[PDB]
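Novice: First the structure, which I've put down as structure tokens, then a few questions once you've had a look.
What follows draws every value from the coordinates through simple rules; no lab data is involved. Cβ sites come from the backbone with ideal geometry, for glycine too, and all protein chains shown count toward neighbours.
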Amino acid sequence: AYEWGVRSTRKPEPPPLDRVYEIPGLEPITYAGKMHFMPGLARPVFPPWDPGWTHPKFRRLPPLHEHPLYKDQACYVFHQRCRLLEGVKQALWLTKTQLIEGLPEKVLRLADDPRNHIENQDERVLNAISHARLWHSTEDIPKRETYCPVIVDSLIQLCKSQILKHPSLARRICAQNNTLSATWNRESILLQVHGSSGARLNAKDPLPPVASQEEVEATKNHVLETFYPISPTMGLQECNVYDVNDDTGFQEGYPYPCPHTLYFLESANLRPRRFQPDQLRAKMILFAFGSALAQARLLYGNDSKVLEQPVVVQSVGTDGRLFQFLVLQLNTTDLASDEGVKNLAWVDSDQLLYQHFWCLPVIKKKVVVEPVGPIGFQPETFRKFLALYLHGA
Amino acid sequence: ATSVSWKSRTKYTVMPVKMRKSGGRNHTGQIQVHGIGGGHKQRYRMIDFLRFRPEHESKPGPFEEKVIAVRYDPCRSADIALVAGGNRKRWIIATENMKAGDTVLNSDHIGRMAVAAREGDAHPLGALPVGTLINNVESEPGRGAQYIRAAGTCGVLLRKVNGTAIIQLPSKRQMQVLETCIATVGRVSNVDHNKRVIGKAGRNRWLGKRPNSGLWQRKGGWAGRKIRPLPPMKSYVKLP
Amino acid sequence: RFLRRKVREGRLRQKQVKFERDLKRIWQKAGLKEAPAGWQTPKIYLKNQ
Amino acid sequence: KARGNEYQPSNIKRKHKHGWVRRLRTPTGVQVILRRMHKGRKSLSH
RNA sequence: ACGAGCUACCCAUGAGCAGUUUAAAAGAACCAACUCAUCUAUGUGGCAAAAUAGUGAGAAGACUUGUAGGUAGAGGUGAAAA
RNA sequence: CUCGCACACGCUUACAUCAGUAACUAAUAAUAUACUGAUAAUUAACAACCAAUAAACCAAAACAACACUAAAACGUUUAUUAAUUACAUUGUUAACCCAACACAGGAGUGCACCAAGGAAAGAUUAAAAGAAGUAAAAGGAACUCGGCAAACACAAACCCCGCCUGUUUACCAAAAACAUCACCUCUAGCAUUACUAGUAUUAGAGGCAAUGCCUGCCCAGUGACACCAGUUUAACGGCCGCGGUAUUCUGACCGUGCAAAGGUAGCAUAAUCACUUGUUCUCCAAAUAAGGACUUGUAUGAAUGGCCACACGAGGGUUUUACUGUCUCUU
RNA sequence: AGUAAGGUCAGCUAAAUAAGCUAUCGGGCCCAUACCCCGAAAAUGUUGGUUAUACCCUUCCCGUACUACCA
Ligand SMILES: [K+]
Ligand SMILES: [K+]
Ligand SMILES: [K+]
Ligand SMILES: [K+]
Ligand SMILES: [K+]
Ligand SMILES: [K+]
Ligand SMILES: [K+]
Ligand SMILES: [K+]
Ligand SMILES: [K+]
Ligand SMILES: [Mg+2]
Ligand SMILES: [Mg+2]
Ligand SMILES: [Mg+2]
Ligand SMILES: [Mg+2]
Ligand SMILES: [Mg+2]
Ligand SMILES: [Mg+2]
Ligand SMILES: [Mg+2]
Ligand SMILES: [Mg+2]
Ligand SMILES: [Mg+2]
Ligand SMILES: [Mg+2]
Ligand SMILES: [Mg+2]
Ligand SMILES: [Mg+2]
Ligand SMILES: [Mg+2]
Ligand SMILES: [Mg+2]
Ligand SMILES: [Mg+2]
Ligand SMILES: [Mg+2]
Ligand SMILES: [Mg+2]
Ligand SMILES: [Mg+2]
Ligand SMILES: [Mg+2]
Ligand SMILES: [Mg+2]
Ligand SMILES: [Mg+2]
Ligand SMILES: [Mg+2]
Ligand SMILES: [Mg+2]
Ligand SMILES: [Mg+2]
Ligand SMILES: [Mg+2]
Ligand SMILES: [Mg+2]
Ligand SMILES: [Mg+2]
Ligand SMILES: [Mg+2]
Ligand SMILES: [Mg+2]
Ligand SMILES: [Mg+2]
Ligand SMILES: [Mg+2]
Ligand SMILES: [Mg+2]
Ligand SMILES: [Mg+2]
Ligand SMILES: [Mg+2]
Ligand SMILES: [Mg+2]
Ligand SMILES: [Mg+2]
Ligand SMILES: [Mg+2]
Ligand SMILES: [Mg+2]
Ligand SMILES: [Mg+2]
Ligand SMILES: [Mg+2]
Ligand SMILES: [Mg+2]
Ligand SMILES: [Mg+2]
Ligand SMILES: [Mg+2]
Ligand SMILES: [Mg+2]
Ligand SMILES: [Mg+2]
Ligand SMILES: [Mg+2]
Ligand SMILES: [Mg+2]
Ligand SMILES: [Mg+2]
Ligand SMILES: [Mg+2]
Ligand SMILES: [Mg+2]
Ligand SMILES: [Mg+2]
Ligand SMILES: [Mg+2]
Ligand SMILES: [Mg+2]
Ligand SMILES: [Mg+2]
Ligand SMILES: [Mg+2]
Ligand SMILES: [Mg+2]
Ligand SMILES: [Mg+2]
Ligand SMILES: [Mg+2]
């Protein structure tokens, strides 16, 4: 084959030993007595350095198998920055779900009612877009990592103002950079969702189930799509050190034990840095399932069985100009077999909030053609965004 | 002063790697090859020449992979295509009509009768039909592809005698090689690379070629149309 | 042969020039001072492929 | 087109070309130090 | 032996090009910053061991430019002017 | 009248307060940012110093929605480790640096063109000559190598050589020279520092210069290859005499000789030895100039390239129009 | 000016054993001419010297050829 090393770049081999060491029963004469190099004397051979007392920073890194949690079985870990090739298909396969186009009827009918709209909804959202992209920064062209979390927080505040009309939104509270872990066995291989999230919203009361029993029964006959050349594991991180313990982000007795919404933000200036929309939806599927699986096992037990009371977890993905919406319902814990009841997940893809924005007035032939402000606006994207926030109430 | 070559990466990775130009200067620092330097900055893609390479040695059987996308490689004159299978991805040279969402089979099982030749499949020279166009020729078993990799270059298998295959290189020179070497069926992508026309002197500078020297050298005896018989067949088979 | 080559090219130039004057007359008689913007008269009687 | 200002000062370049460390890295450079020490120079090198 | 802090070329790492004309960032066009130095007049121990004044050519590229590194005299380098 | 504040690089107390300058320094005096003596000063938030390994990730910057070709600087997260302990060390002035000078020169980035920074005349007289600027009667290139310079002009056309943008003799030549897209010849079947992390549609050693029509004949010599016969000129190079012949002229033709073949197409008094100011026509009142023809150029000529054309040119030559102290002739 | 260099039948060539081809003259073949076949004649630019001559040298004459440069 063609090994990728290069002789010059690789570390050179140690120089050949002097001929004196090859003569049996002959003590070589070295310069180690004078502790400095001298020509004409044999090069000493020293034993490997053995510091009597270990020092934390300056010691060599311990071997991986020395860690107590090291295990022979190879477990696969999915953190934030893992990319899946068949994002919709791989996430569906690893989770044993069924993709249903469109938001559920409860969510969609919760936004079409005019009695659930903020005052001047069209005007305030228009200012929120302008504030996020042009007003929030002193620079003329704010970078994406500045206006990606601003636009999401601005829209959260708009739907947070509805607490006066619905005095039940006070049961929600936000959490930041929590440690989440959920391990399950999926067809003789071990998977684990470990890492953190951008923003998390929790509510005191659990979210009611959203899928009718007719659809659950129809899910049994559904067959998961498969891809032969690509193994389902591709895109994950193979870790030999892990702990089989589903650990959520909070300890026992937390007054908000029911997660409600997950907010994933792809904030990065460079195009290759950010997730593709197909891969971004995969990121939401697993993390929404990871939070759902943690509750399904904490509230019922480690035993694998079908859940009589489903757990519903929502999540919203944002690019700064394009939005992704996901509502996931968990029904099955015994994921080893593929013949039981599958889960459900409603996904709306590429909900474009606005087409383009002009930070500076474009001038063609000494006249103004398009003034400052967003070009094109679709209020339904925010209307669905408002629907998810008010789903609990 | 001795310099360090930028080819220091040890582990294969599909992502592009940083690349430093040379400009014709050797490690000493003197010009050895003229007319090279001052080109546009480029990144290098790790190309896996060995078509047959199982993920693990537990299952040495033939495996089939899927093509994801076909990209443009600044280094070589051909087009490389991303190929994924199992738990790894590879950059291999794309044939004439390789597109996205295509399946490629890699095999080494030398069957007695035959194997149907597809546009992307890689089979040992012992199983291919006599009249087959091939590229990425492996000179010795396990060495890897070295020959026939430019854009639009395709060699044709000639005959298989006493368990040994003879191929025709693009230079119209016959080459003898053991039939167990892996080869790829088809013609290399970007067929019209020869028909490309450079519109201005600046485009040569963008590619990275410096202008020739202005010294006027009188032609010697080497010049003139030379008619020479074809050299004998080059054989890599070691006769015991 | 080369005497006819000179004349054929000479007649082609006059053929193109006379064609330009015909187009120039059109816009001048229409009241315009300059030819319409974005309009450059092509050289139809020119060797191409 | 107006020569005479060929010396553009730079401490990074001066200490890298005529520094004490470089003088002791090459066998010919050490002989330069030896000659200046024998001659009695006040400043062996920059 | 010592010199690539000027200059010829290259490898790293950075930074500039406003307005105007065009589906054009097209080795296109007008014109500044910027870079070269065509013609003439002063200057000729001069302000200057190659400059000043007027006038000129390019000005989104084979372009200018800072920092730093590499090639050394039987050689280096060169879009050959020995 | 207008190159101003600040940072980087450099210089190294030349900065500040007070006092003195007969003399030293400023090319003079007053005097003190620049000479002498004493005393004093720049305080960190800004800036320098400021973790390692393994793993996942094919998807450009140009308001970036999405694309072009020349394929592009710019990283997050997970895992395993990392002394944990107020106050560390260092750069903070300036009118400054490189050019022998307190030099009309050279000098990167951000923001302004000012709210900031500065003084062309030491005092007189108002000669010549010289330099710079403004205006002019009538004439408008009659000046002169050339319309150089200057101008209330800021246009039009022809030719020669190069196709074009570009490049070169830093300090007498910026061009017709070199480069260049194009075409062609030649050498090479391939691995860990160039060529190349490439593989004959690739890469080197060269020639000639886009495009268009073409690139004729010659391996005897030399060179190269084959390394033998031989093969090669888009390899170096070459590509003919003498005599007679249709009334006269010319020479289709013929005799004879030598050669590896005897200059073919084309163009032409040319940038082309001399003859030369060839001859003729147009342009001018007048033409050693310029353009168009005639043409043995016995020394033009076909990739040491011939020939034609668009565009282009601070190259070289000519003409018309407009302007003007270039000039009649200076004030 | 100097140097180089040649002359041979009517014409052009090779040898100095003055030959070969063609032209010229005579004859044959054909209706006649030409082709063709047969036969004959023909010369060493010029003067002198080269045992004696010729290829040589010299004199005379015609004509051919190269070079005429640095300031
Ligand atoms: K390519
Ligand atoms: K250096
Ligand atoms: K000066
Ligand atoms: K100083
Ligand atoms: K004259
Ligand atoms: K020029
Ligand atoms: K030969
Ligand atoms: K003429
Ligand atoms: K020019
Ligand atoms: Mg390359
Ligand atoms: Mg070339
Ligand atoms: Mg050349
Ligand atoms: Mg000096
Ligand atoms: Mg410099
Ligand atoms: Mg340098
Ligand atoms: Mg511009
Ligand atoms: Mg331009
Ligand atoms: Mg220059
Ligand atoms: Mg000037
Ligand atoms: Mg001037
Ligand atoms: Mg003037
Ligand atoms: Mg200009
Ligand atoms: Mg121009
Ligand atoms: Mg040295
Ligand atoms: Mg040399
Ligand atoms: Mg150059
Ligand atoms: Mg020369
Ligand atoms: Mg010379
Ligand atoms: Mg000094
Ligand atoms: Mg003074
Ligand atoms: Mg004082
Ligand atoms: Mg003082
Ligand atoms: Mg001075
Ligand atoms: Mg003054
Ligand atoms: Mg005075
Ligand atoms: Mg006077
Ligand atoms: Mg005057
Ligand atoms: Mg005037
Ligand atoms: Mg007048
Ligand atoms: Mg005159
Ligand atoms: Mg006169
Ligand atoms: Mg002149
Ligand atoms: Mg002028
Ligand atoms: Mg002429
Ligand atoms: Mg030119
Ligand atoms: Mg021409
Ligand atoms: Mg030019
Ligand atoms: Mg010069
Ligand atoms: Mg000049
Ligand atoms: Mg051709
Ligand atoms: Mg040509
Ligand atoms: Mg040229
Ligand atoms: Mg030429
Ligand atoms: Mg030829
Ligand atoms: Mg031969
Ligand atoms: Mg003619
Ligand atoms: Mg001519
Ligand atoms: Mg002449
Ligand atoms: Mg003249
Ligand atoms: Mg004249
Ligand atoms: Mg003429
Ligand atoms: Mg000639
Ligand atoms: Mg030749
Ligand atoms: Mg010639
Ligand atoms: Mg053109
Ligand atoms: Mg001109
Ligand atoms: Mg006139």
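Residue by residue, here is whether (1) of a type in the set (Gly, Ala, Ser); (2) within 14 Å of chain B (Cβ to nearest Cβ) holds:
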{"position": "A:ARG10", "(1), (2)": "no, yes"}
{"position": "A:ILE23", "(1), (2)": "no, no"}
{"position": "A:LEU26", "(1), (2)": "no, no"}
{"position": "A:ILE29", "(1), (2)": "no, no"}
{"position": "A:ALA32", "(1), (2)": "yes, no"}
{"position": "A:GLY40", "(1), (2)": "yes, no"}
{"position": "A:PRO44", "(1), (2)": "no, no"}
{"position": "A:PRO51", "(1), (2)": "no, no"}
{"position": "A:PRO56", "(1), (2)": "no, no"}
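Novice: Cβ-Cβ under 6 Å, sequence separation 6+ or interchain: first residue in region B:197-221 and closer than 24 Å to B:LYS21 by Cβ, partner within 16 Å of ligand 1 (Cβ to nearest atom). Which pairs?
Specialist: Taking only residues 6 or more apart or on different chains, the pairs are B:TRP206/B:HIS40; B:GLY208/B:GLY39.
Novice: Within region B:11-27, is even one residue of a type in the set (A, V, I, L, M), within 13 Å of another protein chain (Cβ to nearest Cβ), in contact with a strand residue (DSSP E or B) (Cβ under 8 Å, 6 or more places away or on another chain) and farther than 21 Å from B:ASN135 by Cβ?
Specialist: There is at least one residue in region B:11-27 that is of a type in the set (A, V, I, L, M), within 13 Å of another protein chain (Cβ to nearest Cβ), in contact with a strand residue (DSSP E or B) (Cβ under 8 Å, 6 or more places away or on another chain) and farther than 21 Å from B:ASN135 by Cβ.
Novice: Another question about this same structure. If you go through region A:322-374, how many residues are at positive phi and either free of Cβ contacts under 8 Å to residues at least 60 places away in the same chain or crowded, with 17+ Cβ neighbours inside 10 Å (or both)?
Specialist: Of the residues in that region, 2 qualify.
Novice: Could you tell me how many of the residues in region A:183-200 are surrounded by fewer than 18 Cβ atoms within 10 Å (Cβ to Cβ), of a type in the set (A, V, I, L, M, F, W, C) and closer than 12 Å to A:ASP334 by Cα?
Specialist: Qualifying residue count for the region: 0.
Novice: Still on this structure, I have one more. So which pairs qualify, if the first residue must be in region B:73-85 and under 15 Å from B:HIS40 (Cβ atoms), the second must be more than 16 Å from RNA strand E (Cβ to nearest atom), the Cβ gap must be under 6 Å, and the two must be at least 6 apart or on different chains?
Specialist: Correct list of pairs: B:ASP73/B:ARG45; B:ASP73/B:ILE80.
Novice: Can I ask one more? Identify all residues within region B:83-105 that are surrounded by 16 or more Cβ atoms within 10 Å (Cβ to Cβ), more than 10 Å from every other protein chain (Cβ to nearest Cβ) and under 17 Å from the mean Cα position of the chain (by Cα); write none if there are none.
Specialist: B:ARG90, B:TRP91, B:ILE92, B:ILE93, B:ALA94, B:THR95, B:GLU96, B:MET98
Novice: Does region B:28-50 hold any residues that are at the interface with chain A (Cβ under 9 Å from one of its Cβ atoms) and not charged (D, E, K, R), and which are they? Let's see the steps before the verdict.
Specialist: Step one: list which residues in region B:28-50 are at the interface with chain A (Cβ under 9 Å from one of its Cβ atoms), which gives B:46, B:48-50.
Within region B:28-50, B:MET46, B:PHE49, B:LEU50 qualify.
Novice: For A:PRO229, all conditions in the list (1) in contact with a strand residue (DSSP E or B) (Cβ under 6 Å, 6 or more places away or on another chain); (2) within 14 Å of chain B (Cβ to nearest Cβ); (3) touching a residue at least 24 places away in the same chain (Cβ under 8 Å) hold save one; what is the number of the exception?
Specialist: (3)
Novice: Given (1) within 16 Å of ligand 12 (Cβ to nearest atom); (2) part of a helix (DSSP H, G or I), identify the lone condition not met by B:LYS219.
Specialist: (2)
Novice: When region B:162-213 is examined, which residues are found to be in a strand (DSSP E or B) and within 28 Å of B:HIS34 (Cα to Cα)?
Specialist: B:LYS209
Novice: Still on this structure, please answer the following. Looking at region B:1-17 only, could you name the residues that are over 20 Å from the mean Cα position of the chain (by Cα) and over 30 Å from D:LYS17 (Cα atoms)?
Specialist: The initial filter retains those residues of region B:1-17 that are over 20 Å from the mean Cα position of the chain (by Cα), namely B:1-6, B:8-11.
Within region B:1-17, B:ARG9, B:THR10, B:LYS11 meet the criteria.
Novice: Also, quick follow-up: Among the residues of region D:13-28 satisfying the criterion of being within 14 Å of chain B (Cβ to nearest Cβ) and within 6 Å of RNA strand E (Cβ to nearest atom), which is farthest from D:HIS46 (Cα to Cα)?
Specialist: Residues of region D:13-28 within 14 Å of chain B (Cβ to nearest Cβ): D:16-17, D:22, D:25-26.
Add one more test, that the residue is within 6 Å of RNA strand E (Cβ to nearest atom), and what stays is D:16-17, D:26.
Numbers: D:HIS16: 10, D:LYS17: 9, D:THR26: 16 Å.
Filtering region D:13-28 for residues that are within 14 Å of chain B (Cβ to nearest Cβ) and within 6 Å of RNA strand E (Cβ to nearest atom), the one farthest from D:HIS46 (Cα to Cα) comes out as D:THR26.
Novice: Okay, moving on. Taking B:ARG159 as the residue in question, decide whether it is in a strand (DSSP E or B) and away from ligand 1 (no atom under 16 Å from the Cβ).
Specialist: Values: in a strand (DSSP E or B): yes; away from ligand 1 (no atom under 16 Å from the Cβ): yes.
Judged against the criteria, B:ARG159 is a match.
Novice: Can you tell me which of A:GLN73, A:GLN90 is away from chain B (no Cβ under 14 Å), of a type outside the set (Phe, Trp, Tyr) and outside any loop (DSSP other than H, G, I, E, B)?
Specialist: A:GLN73
Novice: Here's a follow-up. Kindly list, by first and then second residue, each pair from a residue in region D:1-12 that is within 14 Å of chain B (Cβ to nearest Cβ) to a residue that is away from ligand 12 (no atom under 16 Å from the Cβ) and of a type in the set (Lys, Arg), limited to pairs with Cβ atoms under 8 Å and residues at least 6 apart or on different chains.
Specialist: none
Novice: Now, a different point. With the structure loaded, tell me whether A:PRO51 is over 30 Å from B:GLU140 (Cβ atoms) and surrounded by 10 or more Cβ atoms within 10 Å (Cβ to Cβ) or whether it fails that test.
Specialist: No, not satisfied.
Novice: Something else: Condition test on A:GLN157, is it among the polar types (S, T, N, Q) and under 30 Å from A:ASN221 (Cα atoms)? Write out each step before concluding.
Specialist: Numbers: among the polar types (S, T, N, Q): yes; under 30 Å from A:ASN221 (Cα atoms): no.
It is false that A:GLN157 is among the polar types (S, T, N, Q) and under 30 Å from A:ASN221 (Cα atoms).
Novice: Follow-up. Which of the residues belonging to region B:171-222 are in contact with an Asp or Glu (Cβ under 8 Å, 6 or more places away or on another chain) and either within 14 Å of ligand 1 (Cβ to nearest atom) or within 14 Å of chain A (Cβ to nearest Cβ) (or both)?
Specialist: Once the filter is applied, which keeps residues that are in contact with an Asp or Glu (Cβ under 8 Å, 6 or more places away or on another chain) and either within 14 Å of ligand 1 (Cβ to nearest atom) or within 14 Å of chain A (Cβ to nearest Cβ) (or both), region B:171-222 yields B:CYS181, B:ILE182, B:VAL188, B:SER189, B:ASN190, B:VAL191.
Novice: List the pairs whose first member sits in region A:96-121 and is part of a loop (DSSP other than H, G, I, E, B), whose second member is of a type in the set (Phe, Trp, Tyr) and surrounded by 11 or more Cβ atoms within 10 Å (Cβ to Cβ), and whose Cβ atoms are under 8 Å apart, counting only residues at least 6 apart or on separate chains?
Specialist: Every condition considered, the pairs that remain are A:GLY102/A:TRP346; A:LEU103/A:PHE325; A:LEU103/A:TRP346; A:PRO104/A:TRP346.
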